[PDB]
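The lines below spell out each chain.
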Amino acid sequence: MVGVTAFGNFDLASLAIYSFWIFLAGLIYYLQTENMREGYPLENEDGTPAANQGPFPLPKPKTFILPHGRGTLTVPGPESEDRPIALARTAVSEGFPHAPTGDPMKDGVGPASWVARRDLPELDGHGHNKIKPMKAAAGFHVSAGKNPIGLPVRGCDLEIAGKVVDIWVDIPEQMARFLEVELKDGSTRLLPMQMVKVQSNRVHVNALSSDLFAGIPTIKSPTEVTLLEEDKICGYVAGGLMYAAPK
Amino acid sequence: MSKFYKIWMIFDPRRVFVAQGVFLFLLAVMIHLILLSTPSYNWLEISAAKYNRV
Amino acid sequence: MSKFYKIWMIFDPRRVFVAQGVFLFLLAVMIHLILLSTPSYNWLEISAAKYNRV
Amino acid sequence: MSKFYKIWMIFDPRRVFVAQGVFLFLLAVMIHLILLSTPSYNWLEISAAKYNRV
Amino acid sequence: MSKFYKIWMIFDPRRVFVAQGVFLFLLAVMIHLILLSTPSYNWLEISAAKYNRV
Amino acid sequence: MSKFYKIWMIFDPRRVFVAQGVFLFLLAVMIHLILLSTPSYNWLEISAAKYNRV
Amino acid sequence: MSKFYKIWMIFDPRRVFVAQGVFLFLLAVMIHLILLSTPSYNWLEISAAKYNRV
Amino acid sequence: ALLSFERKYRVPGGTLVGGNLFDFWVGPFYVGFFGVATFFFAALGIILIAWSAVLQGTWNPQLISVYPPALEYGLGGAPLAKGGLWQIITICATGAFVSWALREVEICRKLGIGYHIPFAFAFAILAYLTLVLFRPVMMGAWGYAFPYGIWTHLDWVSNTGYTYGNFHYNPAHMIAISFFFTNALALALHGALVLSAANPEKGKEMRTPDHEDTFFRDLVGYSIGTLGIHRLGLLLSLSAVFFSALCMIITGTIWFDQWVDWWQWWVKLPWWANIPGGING
Amino acid sequence: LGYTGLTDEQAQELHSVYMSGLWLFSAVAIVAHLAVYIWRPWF
Amino acid sequence: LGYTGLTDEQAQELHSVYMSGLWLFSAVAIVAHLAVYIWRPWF
Amino acid sequence: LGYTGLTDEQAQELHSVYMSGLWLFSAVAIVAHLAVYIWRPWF
Amino acid sequence: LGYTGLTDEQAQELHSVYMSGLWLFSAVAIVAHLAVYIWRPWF
Amino acid sequence: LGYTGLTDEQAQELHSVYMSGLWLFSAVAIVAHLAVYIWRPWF
Amino acid sequence: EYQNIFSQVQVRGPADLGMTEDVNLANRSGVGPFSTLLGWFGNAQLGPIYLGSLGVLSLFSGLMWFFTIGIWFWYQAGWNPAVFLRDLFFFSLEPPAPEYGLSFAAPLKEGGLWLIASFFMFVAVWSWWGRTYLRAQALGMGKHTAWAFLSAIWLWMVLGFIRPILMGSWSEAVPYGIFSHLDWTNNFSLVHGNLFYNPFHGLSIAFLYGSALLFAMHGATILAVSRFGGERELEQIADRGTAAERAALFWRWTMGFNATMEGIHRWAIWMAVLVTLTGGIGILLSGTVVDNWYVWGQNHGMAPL
Ligand SMILES: CCCCCCCCCCCCCCCCCC(=O)OC[C@H](COP(=O)([O-])OCC(O)COP(=O)([O-])OC[C@@H](COC(=O)CCCCCCCCCCCCCCCCC)OC(=O)CCCCCCCCCCCCCCCCC)OC(=O)CCCCCCCCCCCCCCCCC
Ligand code: BCL
Ligand SMILES: COC(C)(C)C/C=C/C(C)=C/C=C/C(C)=C/C=C/C(C)=C/C=C/C=C(C)/C=C/C=C(\C)CC/C=C(/C)CCC=C(C)C
Ligand SMILES: COC(C)(C)C/C=C/C(C)=C/C=C/C(C)=C/C=C/C(C)=C/C=C/C=C(C)/C=C/C=C(\C)CC/C=C(\C)CCC=C(C)C
Ligand SMILES: COC(C)(C)C/C=C/C(C)=C/C=C/C(C)=C/C=C/C(C)=C/C=C/C=C(C)/C=C/C=C(\C)CC/C=C(\C)CCC=C(C)C
Ligand SMILES: COC(C)(C)C/C=C/C(C)=C/C=C/C(C)=C/C=C/C(C)=C/C=C\C=C(C)\C=C\C=C(/C)CC/C=C(\C)CCC=C(C)C
Ligand SMILES: COC(C)(C)C\C=C/C(C)=C/C=C/C(C)=C/C=C/C(C)=C/C=C/C=C(C)/C=C/C=C(\C)CC/C=C(\C)CCC=C(C)C
Ligand SMILES: [Fe+2]
């Protein structure tokens, strides 16, 4: 087949390369269409549908069957924010930021945003809660690191905010997820473990100042935390980085 | 021999039918490619030789 | 001997049948490839030489 | 022979039969390939030599 | 000697038997390969030379 | 002396037995390979030379 | 001896015995390999020279 | 314009240079100070590439090439049509890359996420700077860099590799290739596993991370986890790029001969140097 | 016995049908080898 | 034993069937080796 | 003591069967070595 | 004390059988070395 | 002290048996060195 | 300051035996030891591993392949452990010489033992592919891993089985050595002109660099949003949280377009199977259709001519 061309310089290599270009165009189209299953249709900044929607048409719906009788999820589907957003326009023209009306960490906007996830705890493959306090978890213990229980907690303002009392553990993955921190008023808050640095004699939280620890959203049941509570806590703690820069 | 029908008792017909379609087509294509590769049994070339098409 | 029927109380016929089919096809293909590879027993070129087609 | 039947009180016959099948097939293929690899005992080449195939 | 049977109260016979089978087969194959690689004791070449197979 | 048996209250017998068997086999193989690689004590070669096998 | 028995108040016997066994074996192997590497004291080659094995 | 959830995240803050100035979007893109800088540098580089194509006399995009100055210029300026355009485009490309990284930092701190992505990008920028700046500067000329062409920078790769014989005898090269291959394998396995859990057999419920853990524990006897697999992917990619940069930086600066000859230090170790057998004996 | 759940009668019937298939395949193969050996023997 | 759950009678019958199969396979192997050795001895 | 769950009697019988198999294997190996040594001694 | 866990009377019997095995193995080794030294001494 | 859990008598007895083992190993090494030095001295 | 690269506290509980969807639990083993180093980076638990019939087949054949290559290396070393360690990476099993073609008559020292090892390796790899398919099926999952592995197998088959048959010689195949197969790739590029000018070589390199790029991007993104529990992606698919939203908005504000928590994995799997698939095509084309890739590039507008 060496040198055997159908026409011009077109041989099996040229046939293969053009076939691959057509396949690659089709595959990119498929991949983008599959990407388009969340956040669409596009909106105007006043909430209405946008005149311009994009070159790629919206894919056909597909359905997930959630485990443990949690239901089904059809995407793309009718998605609403379902929460009030305390933001104000700074310009009539589009493309400009929206300014917080009040306290952005309290209101949950910007880097302090949270999503209205399900108000149920996340489950493992057996139906039990995925995340449990280490006292509830039977047979769990701290293995090979600096044990944080009892260490003082220090905010970004060089002041003590409380002490670590428990560790919340992801039972299936066998990893630590949250630090339970008791404040001065005898109330416990949860801090994401990705947001604290465990030092030799303290736990440092750079995102949050000592006073702001009081405003962390709490959990309604001491023995478990739901997905909505995880979003609220993590959004608050992460937004502390931008909205607690002074002090 | 008169009772081979019970094979469909144990095999899903749809998987079997798809599998044998793929198998038969691949086998036919392979045999045709083998025949074309050999200088003999390349029917186009031997017809060209037979009809003096240079 | 004459008790060999009891293997089916040990092995699931579906798995055995699929494995047997793939094994038989692969063995046949392997033996045909062995024969085609040798200059003798390549029936295509044997026929080509015998009928003076080259 | 004497009391070896008690092996089946220790081992699951399914695993034993599968291991035997795999081992026996692989060993037979290896020995056949070794025989084909020797210039003697390659039945194809020596049949070709003794019948003047090539 | 007389008291060795108590090895089986320490080791699982199934695991021991599987490891022992693998060990024995690999050892035997290695020794046969070592003999084959040796100009002498290559029984195939020895028989080829004795009977003038080449 | 006369109280070395207490080592078995320090070490788990099965772990020690596995390690000991692996160690002994590896040592023996290493020594056999060392003796094969030496032109002396290569028993196959010296047997071939004594009996005129080449 | 005098007061050394108290080292075992400090070090766990399993760790010490395992490390000691590994250390002693590796030391012995290293000394043996050093002796083999010198043309003198290489007991395999000097015996070959003494008995004219080559 | 916006995603269904985008509105609450567009807030006025997180810039590095400037304030409300440049704190706006153009369509989907965020355009800060470094957005303006990135756009300027990228447009300048692209127009200069087109003008170099005009100068060279070809319009075939696969034949367009922008060559570095010849070795006779050393580390100084060159005429525009004889290496100056390459230098200007290199400055523009460096500026575009660094401004892109800084823009990503601004987006990271507007969204409250960590700066892993700009760090990972900086690794690639350092590999590019190794090939285009550090190695030519140590070697003494801009002509040891590679040209800006689709098929001629491959000529640079070929010539540079074959100067030192067969190039995959360079050890750091071996490490970099191993990391690249392992990374592609890990990416395929990871994507396949996540998809298979999210897309089970028809009519089944979605699988859980326990099913993924069980799948790889059944297959290979070990599962690294979700956090573990993402850490592994990041580190595999970065280690591949780091070791490629190393193998190139030591290539014309410390080593000068065939690399297959470098591998002789292991063979010539004193205790087996002269044993008569095998390949090297 | 309990490995598959096939009755003894069921196993006998399945084995009978399977052996019919095996004999058919082997007879075709034997005829094939006879024809090839007559055409061009390998011994 | 408790390792596999077969009783003594089940094991004995299983071994009888297994040994019949083994002796058939070995008989075929011996016949093949005898044929090859008459055709081309390796000693 | 019985880490495997086998008692003294089970172990004794297991060892008896394993000894019988080992001695059979060793007898076959000894005969093979005797034949090879007669055919081609290595000493 | 027994860290792995064995009574002193279990340890004594395990060591007695282990010594039996060690002495058998080493006696076979002595005989092998004696044969090799007679055949081809290395001193 | 409480690092390992061995009391005074246990540590003393363990050291006694350990020293027995050390002296046996040393005596074997001493005999080996004497044999090697008689055969081929290094001083 | 914590970058979530290494765990700072490590917790252990009872080992997880796994799911029981329809897996034959008798074919599993026990849990292995826990490892603290792996715990620092990922999961500490080892095992349990499934080993069924296809596992026995794969283990036997792969063990025989490894053993055959190793025994050949020992033969080349002269049965000398020192030479074996010294000239390791220099030993090789070579395929038959070009005179033998595809025939199975090459001697054991020349190319027969290479054929034996290749048969063992073929069986091992195909049985391992079957094992991946069956392990996905037992748990009820999709077979994405099986088809990605099939792409990799396609490149392996082209290199070792398909192209030698089209070229009509086993000598075209790859040797079993460390430096030897590297020399094989160099000589392959030299004999066929310049493999840089193979366009499917270029696509394969594009997709390899793309795998590195994409999976640095994706690992960095998941690590960046893991403060919101982003690494638990299977539930971010079912319940979109702030982590997935922030990731999508980062990439949309950066490069104009984004993905989902599932579409990014589709991108990933395709970006890797494409490197191996295009590589297989490009290797199959070399020598059978194009004997000189630089001249092909000159004729196809890629080289100045
Ligand atoms: C005109 C020329 C141009 C041609 C094309 C132009 C046409 C226009 C453009 C068309 C492009 C469309 C691209 C979109 C595809 C995306 C689909 C997708 O991902 O999801 C849907 C679907 C499943 O979606 P899902 O939602 O995840 O399902 C979940 C299920 O519930 C549960 O899961 P499941 O059990 O159902 O299976 C899950 C899996 C399932 O999808 C599959 O089943 C794939 C089947 C394997 C691939 C087929 C090749 C195998 C050989 C044939 C023997 C088996 C055939 C029967 C397969 C069994 C199917 C029942 O889905 C995946 O996502 C796997 C992704 C990775 C697949 C990689 C396969 C590479 C194999 C390498 C083969 C190499 C040998 C030959 C190489 C080429 C020869 C030169 O997956 C597919 O359909 C995969 C399509 C496979 C494409 C094969 C590749 C073509 C290669 C051609 C290269 C270009 C030629 C240039 C060279 C020419 C030389 C002369
Ligand atoms: C002088 C050398 C030549 C050259 C010669 C070749 C040749 C020849 C080939 C490549 C191939 C490739 N080259 Mg090139 N290459 C050159 C220069 C480059 C440069 C560069 C910057 O210069 C780059 C980046 C590349 C990059 C690439 C890759 C994209 C591609 C290999 C994919 C892969 O993963 O293979 C590795 C993966 C596999 C082989 C798949 C393995 C799958 C099987 C199933 C694994 C079995 C494992 C076994 C069971 C293991 C047991 C393991 C134990 C269990 C642990 N080449 C120059 C021009 N290159 C290949 C290709 O496809 O080209 C089109 C190829 O064959
Ligand atoms: C390099 O090596 C060389 C090539 C030189 C030689 C190496 C060679 C080897 C090692 C060759 C191996 C040859 C072997 C071992 C062949 C085995 C052949 C067999 C065992 C064939 C059996 C074929 C049986 C077949 C097709 C069965 C057909 C049965 C049927 C259609 C009917 C089954 C239907 C059943 C319906 C189920 C219904 C019953 C119920 C109760 C529902
Ligand atoms: C390079 O070095 C070279 C190769 C040159 C030389 C180096 C050589 C070495 C190091 C050789 C080592 C040789 C060794 C160490 C050999 C050991 C061989 C053995 C240990 C063989 C065992 C044979 C035992 C056999 C087959 C088992 C017979 C067992 C049986 C049938 C099993 C029956 C047991 C039963 C069934 C269960 C009873 C059940 C109840 C309920 C009572
Ligand atoms: C390069 O260096 C060269 C090669 C030149 C030389 C360098 C050499 C070295 C460093 C050589 C090392 C030589 C050594 C140190 C060898 C080790 C020799 C030993 C100490 C071997 C142990 C032999 C003990 C053996 C086989 C044990 C047999 C034991 C048994 C069957 C034990 C039975 C245990 C039982 C049955 C269960 C009973 C249970 C109850 C409850 C009663
Ligand atoms: C002391 O150490 C011992 C001896 C115990 C073991 C140590 C061992 C060593 C040192 C093992 C060496 C392993 C190495 C160095 C392996 C090299 C593996 C490589 C690197 C292979 C590289 C490319 C190989 C490629 C593409 C193979 C493709 C192979 C194929 C598709 C298989 C083709 C199957 C077919 C050809 C032949 C068809 C014939 C029949 C009968 C089906
Ligand atoms: C050329 O020179 C080079 C460069 C190679 C190096 C030159 C020199 C060096 C640096 C040589 C190193 C020489 C050394 C430092 C050797 C160390 C030798 C030792 C420390 C040997 C200890 C031997 C002790 C032995 C075998 C004891 C084993 C003890 C036992 C059986 C007794 C244990 C039994 C017990 C414990 C039960 C315990 C009781 C209860 C109630 C649990
Ligand atoms: Fe992911």
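About the thresholds
Residues numbered from 1 in each chain as written, not as in the entry; some residues may be left out. Chains lettered and ligands numbered in written order. Part of a larger assembly, values for the part shown. Heavy atoms only, no water. UniProt positions renumbered as here; feature names shortened; annotations may be inferred. Domains from an automatic or database assignment. Contact = heavy atoms within 4.5 Å. Buried area = accessible area lost by both parts, 1.4 Å probe. Polar contact = N/O pair within 3.5 Å; in protein donor to acceptor, adjacent residues only side chain to side chain. Near = heavy atom within 4 Å. Areas by Shrake-Rupley, 256 points an atom, 1.4 Å probe, with all protein chains shown as cover. Helix = DSSP H or I, 4+ residues; strand = E, 2+ residues; numbered from the N terminus. Nonpolar A, V, L, I, M, F, W, Y, C, P; charged D, E, K, R; others polar. Salt bridge = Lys/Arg side-chain N within 4 Å of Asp/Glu carboxyl O. Expected span 1.5 Å × (residues − 1). Buried < 20%, exposed > 50% of the residue type's maximum accessible area, 1.4 Å probe, protein only. Axes fitted to C-alpha atoms, helices over the stretch in contact; angles between N-to-C directions. Parallel < 35°, antiparallel > 145°, perpendicular 65-115°, else oblique. Pairing = 2+ DSSP bridges.

- Regarding how it was determined, this PDB entry cites cryo-EM in its header, along with a resolution of 2.79 Å.

- As recorded by the PDB entry, chain H carries the name Reaction center protein L chain and is attributed to Cereibacter sphaeroides 2.4.1.
- This deposition appears in the PDB under the title "Rba sphaeroides WT RC-LH1 monomer".
- Under the UniProt heading Subunit, the note attached to chain H is "Reaction center is composed of four bacteriochlorophylls, two bacteriopheophytins, two ubiquinones, one iron, and three highly hydrophobic polypeptide chains (designated L, M, and H)."
- Word for word, the UniProt comment on chain H under Subcellular location is "Cellular chromatophore membrane".

- In the annotation of the PDB entry, chain B is listed under the name Light-harvesting protein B-875 alpha chain and assigned to Cereibacter sphaeroides 2.4.1.
- The UniProt entry for chain B carries the following comment under Subunit: "The core complex is formed by different alpha and beta chains, binding bacteriochlorophyll molecules, and arranged most probably in tetrameric structures disposed around the reaction center. The non-pigmented gamma chains may constitute additional components."
- Database annotation for chain B, UniProt heading Sequence similarities: "Belongs to the antenna complex alpha subunit family."

## As for the domain arrangement of chain H
Residue and element names in this part refer to chain H.
Now for step 1: Domain assignment breaks chain H into domain 1 (1-163) and domain 2 (164-263).
Now for step 2: Look at where the C-alpha atoms of domain 1 and domain 2 centre, and you get two points 27 Å apart.
Now for step 3: In this complex, domain 1 contributes 15 residues to the contact, which on the side of domain 2 involves 14 residues.
Now for step 4: Across the domain 1 to domain 2 interface the summed buried area is about 1200 Å²; carbon plus sulfur atoms make up 76%.
Now for step 5: Three residues, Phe123, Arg135 and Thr163, lead the burial of domain 1 against domain 2; their summed loss comes to 36% of the area buried on that side.
Now for step 6: Counting across the interface, domain 1 meets domain 2 through six residue pairs in polar contact.

## Section: the site of ligand 5
Now for step 1: Taken together, 24 residues sit near ligand 5, with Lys6 of chain E, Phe17 and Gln20 of chain F, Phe25 of chain G together with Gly21 of chain L positioned nearest.
Now for step 2: This site is not confined to one chain, since residues near ligand 5 come from chains E, F, G, K and L.
Now for step 3: Its free accessible area being 1100 Å², ligand 5 has 74% of it covered by the protein chains.
Now for step 4: When contributions to the shell around ligand 5 are tallied by element, the ones reaching two or more residues are helix 1 (13-37) of chain F, helix 1 (13-37) of chain G together with helix 1 (8-39) of chain L.
Now for step 5: When residues of the shell around ligand 5 are assigned to their parent elements, the largest contribution, seven residues, is made by helix 1 of chain L.
Now for step 6: Looking at the shell around ligand 5 residue by residue, the classes come out as 19 nonpolar, three polar and two charged.

## As for the interface of chain E and chain L
Now for step 1: In this complex, chain E contributes five residues to the contact, which on the side of chain L involves six residues.
Now for step 2: Of the roughly 380 Å² buried at the junction of chain E and chain L (both faces included), carbon and sulfur atoms supply 72%.
Now for step 3: Three residues, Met1, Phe4 and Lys6 of chain E, lead the burial of chain E against chain L; their summed loss comes to 78% of the area buried on that side.
Now for step 4: As a salt-bridge pair, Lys6 of chain E and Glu13 of chain L come within 2.1 Å of each other at their nearest N and O atoms.
Now for step 5: Connecting chain E to chain L are one residue pair in polar contact.
Now for step 6: Tallied by class, the residues present in the side of chain E that touches chain L amount to three nonpolar, no polar and two charged.

## Some points on the site of ligand 7
Now for step 1: Neighbouring residues of ligand 7: 18 residues in total, closest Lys6 and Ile10 of chain F, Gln20 of chain G together with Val17 and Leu22 of chain M.
Now for step 2: Flanking ligand 7 are residues from chains F, G and M.
Now for step 3: Considering ligand 7 on its own, with 1100 Å² of exposed area, one finds that the protein chains cover 60% of that surface.
Now for step 4: Those elements that place two or more of their residues in the shell around ligand 7 are helix 1 of chain G together with helix 1 (8-39) of chain M.

## Focus: helix 1 (residues 12-35) of chain A
Now for step 1: End to end, helix 1 of chain A covers 34 Å across 24 residues, agreeing with the expected 34 Å (1.5 Å per residue, within 8%).
Now for step 2: The set of residues buried in helix 1 of chain A consists of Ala13, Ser14, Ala16, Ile17, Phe20, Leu24, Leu27, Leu31, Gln32, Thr33, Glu34 and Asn35 of chain A.
Now for step 3: Of the surrounding secondary structure, the elements contacted by the buried residues of helix 1 of chain A are helix 7 (199-225), helix 10 (263-285) and helix 11 (293-299) of chain N.

## Describing the pattern of salt bridges
When the charged atoms of two side chains with opposite charge come close together, those side chains can pair.
All names here are of chain A.
Now for step 1: Summed over all chains, the structure comprises 38 salt bridges over all chains.
Now for step 2: The residue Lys163 makes a salt bridge to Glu182 at a minimum N-O spacing of 2.5 Å. Of this pair, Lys163 sits in strand 8 (residues 160-170) while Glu182 is found in strand 9 (residues 175-182), placing the two residues 19 residues apart along the sequence.
Now for step 3: Between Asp170 and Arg177 there is a salt bridge; the shortest N-O distance is 2.6 Å.

## A look at the environment of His168 of chain H
All names here are of chain H.
Now for step 1: Structurally, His168 is set in the loop between helix 4 (152-163) and helix 5 (171-198).
Now for step 2: Sequence separation between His168 and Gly13 is 155 residues, and the spatial gap between their C-alpha atoms is 49 Å.
Now for step 3: Here the side chain of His168 touches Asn166 through a polar contact of 3.4 Å, side chain to side chain.

## Remarks on the packing of helix 1 of chain A against helix 10 of chain N
Now for step 1: Here helix 1 of chain A crosses helix 10 of chain N at 175°, and the two axes come no closer than 11 Å. When the axis of helix 1 of chain A is compared with that of helix 10 of chain N, the two are roughly antiparallel. Across the interface between the two elements, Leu12, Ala13, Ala16, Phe20, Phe23, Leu24, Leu27, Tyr30, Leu31, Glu34 and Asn35 of chain A of helix 1 of chain A pack against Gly263, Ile264, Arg266, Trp267, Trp270, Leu274, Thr278, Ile281 and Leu285 of chain N of helix 10 of chain N.
Now for step 2: Taken together, the residues that form the contact of helix 1 of chain A with helix 10 of chain N break down as 15 nonpolar, three polar and two charged.

## Section: the arrangement of the chains
Now for step 1: Most contacts, among the 30 pairs of chains that meet, fall between chains H and N.
Now for step 2: One thing to see here is that chain I and chain K don't touch, and their nearest C-alpha atoms sit 25 Å from each other.
Now for step 3: Nothing in chain I touches chain L; the tightest C-alpha to C-alpha distance between them is still 39 Å.

## Regarding the side chain of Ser37 of chain D
Now for step 1: Structurally, the position occupied by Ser37 of chain D is in helix 1 (residues 13-37).
Now for step 2: Look at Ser37 of chain D and you get buried, because its relative accessible area is 3%.
Now for step 3: Dropping the residues within four chain positions of it, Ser37 of chain D is found in contact with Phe104, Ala105, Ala106, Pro107, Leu108 and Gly112 of chain N.

## Looking at the environment of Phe149 of chain N
Residue and element names in this part refer to chain N.
Now for step 1: Here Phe149 lies in helix 5 (residues 144-167).
Now for step 2: Residue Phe149 is classed as partly exposed on the basis of its relative accessible area of 24%.
Now for step 3: Each C-alpha atom of the pair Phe149 and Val273 lies 8.2 Å from the other, and the pair is 124 residues apart in sequence.

## Focus on the pairing of strand 1 (residues 62-66) of chain A
Residues and elements named next belong to chain A.
Now for step 1: By the alternation rule, side chains of strand 1 split into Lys62, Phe64 and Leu66, which are all buried, and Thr63 and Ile65, of which none is buried.
Now for step 2: The pairing of strand 1 with strand 2 (residues 71-75) spans five bridges and is antiparallel. The residue bridging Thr63 from the neighbouring strand is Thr74, located in strand 2.
Now for step 3: If you look at the hairpin formed by strand 1 and strand 2, you'll find four residues sitting between the two strands, and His68 has a positive phi there, around 65°.

## Thoughts on unusual backbone geometry
Now for step 1: The linkage connecting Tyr40 of chain A with the following residue, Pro41 of chain A, adopts the cis geometry, with an omega of 5°.
Now for step 2: The amide bond that connects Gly47 of chain N to the next residue, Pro48 of chain N, takes the cis arrangement and shows omega of -5°.
Now for step 3: For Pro48 of chain N, the position within the fold is in the loop between helix 1 (36-41) and helix 2 (53-76).
Now for step 4: The residue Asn52 of chain B is not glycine, and still its phi comes out positive at about 65°.
Now for step 5: Residue placement: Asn52 of chain B occurs in the segment after helix 3 (43-50).

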